[PDB]
């Protein structure tokens, strides 16, 4: 069973992740996303509770699979001779944060607060399940427009979470920390916080703060839009040059700028026009 089980639709995305199609589960007309990954382009693999050799991506997705709606749910997968096919949940209507920001410019702080908070809950969920996403960015975040709920997608650059140093990286350079640029070394959590600082800046300014390696290393933050003093403080904190000067997830969520977040649904009512 595979072709009879899913009705394949139009292509959604095409990148370093691969080829993702809109789909419909023939069983109950459920909206799905059908992701194809070529074996030759897969650089690291693991194994399941019993399992054969599957892509790390599948390992990581199964580990964060649950009722929690903050991380994309892997519903099924198939192995073909030269590829793996991932059946993922698809919200509907949906828009990714990159497209959302492109369309609307810098986000109001209240909306950025709601979105960032949900990103924080989702990443914490990953870390708790032993999974490090390592490609946190606007493109890897879907917005369920009706419910006001965000979903982390694309675990294709991820790894098991560990407390020892990482010497490999294949996420997005412009979201990577100065210790990666300068040394090819990072730790998971502190590097995740850095990329979260980039994302937050992206939300409130409508573009990322650094384009080139030298800017990343210099770590000097210029605000191109009006941003409140506390948000600027949180952003600069996440983007501290020294990894150990960065806030913990707890400190991020305790920060004064993070107080009084909207519920996702209150968020959709106010900012998503539902």
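Between two forms, the rigid core is defined as the largest C-alpha subset superposing within 1.5 Å. Positions refer to the first chain, counted from 1.
**Study point:** More shifted region, core-based fit in 4 other deposited structures of this protein, 261 to 269 vs 6 to 14 by CA
**Key:** Looking at 6 to 14 versus 261 to 269 in 4 other deposited structures of this protein, the farther one turns out to be 6 to 14.
Exercise for review: Would you mind working out which of 56 to 64 and 41 to 49 sits farther from this form in 4 other deposited structures of this protein by RMS C-alpha distance, with the rigid core as the fit?
Suggested key: With the rigid core fitted, 41 to 49 is the stretch that strays more in 4 other deposited structures of this protein.
Practice item. Mind pulling up the entry and telling me whether 74 to 82 or 136 to 144 has the higher mean Cα temperature factor? Key: Comparing 74 to 82 with 136 to 144, the higher average CA B-factor belongs to 74 to 82.
Point to revise | Of 37 to 45 and 235 to 243, the one with larger mean CA B-factor | key: Per the PDB record, 37 to 45.
Check your understanding: Can you tell me which of 30, 208, 61, 216 has the highest Cα temperature factor in the record?
Key -> That would be 30, according to the entry.
Check your understanding: When the modelled residues of the chain are sorted by Cα temperature factor, does residue 221 land in the lowest, middle or highest third?
Key -> Ranked within chain, residue 221 CA B lands in the middle tercile.
Check your understanding: Which third of the chain does residue 253 land in by C-alpha B-factor: lowest, middle or highest?
Key -> Answer is lowest: the recorded C-alpha B-factor places it there.
Review point. Taking the C-alpha B-factors as the PDB entry records them, is residue 93 in the lowest, middle or highest third of its chain?
Key: Residue 93: CA B-factor falls in the highest third of its chain.
Check your understanding: Within this chain, which third does the Cα B-factor at residue 113 fall in: lowest, middle or highest?
Key -> For residue 113, whose C-alpha B-factor we compare with every modelled residue in the chain, the answer is the lowest third.
Check your understanding: What third of its chain, lowest, middle or highest, does the C-alpha temperature factor of residue 183 fall into?
Key -> Highest third - that is where residue 183 ends up once the chain's C-alpha B-factors are sorted.
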